[PDB]
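Below is one structure; the comments refer to it alone.
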Amino acid sequence: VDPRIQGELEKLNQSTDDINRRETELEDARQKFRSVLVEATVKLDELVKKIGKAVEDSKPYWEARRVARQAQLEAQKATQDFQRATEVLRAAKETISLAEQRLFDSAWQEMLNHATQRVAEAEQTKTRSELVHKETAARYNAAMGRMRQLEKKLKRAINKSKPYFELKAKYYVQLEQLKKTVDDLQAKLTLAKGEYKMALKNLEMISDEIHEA
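Heads up: the sequence shown is residues 41 to 143, 151 to 260, going by PDB author numbering.
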């Protein structure tokens, strides 16, 4: 049973070598992340040190823009849902129209009865959908108005702050992806450790096997 434990321990040796490789890889990754983030720090600081008033005055505009976008998505959803509701009502009424024109009669009766049982909830959903639609559109356009009057008084600031924020954005998504890489890589490393450990457990199992033999 010697070649068995031999091959086993060789395989786990390859495994722990792999572990070492992934460890060094991870360390290198994080060390790469750090320099990038501090670069982002100093560039952000220097660009703020360029013109601070423009940026600080620009922020409310971006705030209003975000709010307006949220209201946009909400209003869009409300509109779509209302459309679906309208379609549902259309079909539900078309059914009863045909059924009434007909006046296998039992099947027709059951069908029109189920339909005319569903049209009530249909109408309720219609009302809900349309009122929600109106509200959403209202808040929507209100936010658009405030954003407009904000854009009227911030033409000089936001243009200056635009490159700062786009740079900040690029560095943000970059460091984000980097951190992602670090995370999943470390996870895979842990899994590898699990594998190596499992090979060791096999070693213990065989060690238990032989002395019993």
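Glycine residues also receive a C-beta, built at the ideal position from the N, C-alpha and C atoms.
Query: Pick helix, strand or coil for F151, following the three-state DSSP scheme.; Result: coil
Query: Ordered along the chain, which non-local residues of its own chain (more than five positions away) have a Cβ less than 7 Å from that of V128?; Result: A169
Query: CB-CB under 8 Å to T172, same chain, minus the five flanking residues each way: which ones, in chain order?; Result: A125, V128
Query: Helix, strand or coil for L232 per DSSP?; Result: helix
Query: Got a sec? Which residues, its chain only, sit under 6 Å from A190 by beta carbon, not counting five neighbours each side?; Result: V107, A108, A111
Query: Could you check if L236 belongs to the surroundings of the ligand GTP, using beta carbon to heavy atom distance under 6 Å?; Result: By its list of ligands, the structure shown contains no ligand whatsoever, and the ligand GTP lies outside what it can speak to.
Query: My assumption, with CB atoms under 8 Å, is that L159 sits in contact with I136. Please give the rounded CB distance.; Result: 6 Å
Query: Look at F122 and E182 and say whether their C-beta atoms are less than 7 Å apart.; Result: no
Query: Exposed or buried, which one is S153 when buried takes at least 16 other CB atoms within 10 Å?; Result: exposed
Query: Roughly how many angstroms lie between the CA atoms of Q221 and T81, to the nearest whole one?; Result: 14 Å
Query: Count the other CB atoms, across all protein chains shown, that sit within 10 Å of the CB of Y243; report buried if there are 16 or more and exposed otherwise.; Result: buried
Query: Do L87 and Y187 have their C-beta atoms closer together than 7 Å?; Result: no
Query: Is the distance from the Cβ of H161 to the Cβ of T119 below 7 Å?; Result: no
Query: Nearest by alpha-carbon distance to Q116: which of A185, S98, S75, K217 is it?; Result: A185
Query: Is it true that the CB of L66 sits closer than 7 Å to the CB of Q224?; Result: no
Query: What are the uninterrupted segments assigned as alpha helix (DSSP H) that are 4 or more residues long and contained completely in the stretch 117-141, given in chain order?; Result: none
Query: When you compare each of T64, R70, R62, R105 to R193 by their alpha carbons, which one comes out closest?; Result: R105
Query: Could you spell out the range, first to last residue, of the alpha helix (DSSP H) harbouring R44?; Result: 42-90
Query: Between the C-alpha atoms of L49 and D231, what's the straight-line distance to the nearest angstrom?; Result: 28 Å
Query: Do you know how far the Cα of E103 is from the Cα of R74?; Result: 29 Å
Query: Mark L201 as exposed unless 16 or more other C-beta atoms lie within 10 angstroms of its C-beta, in which case mark it buried.; Result: buried
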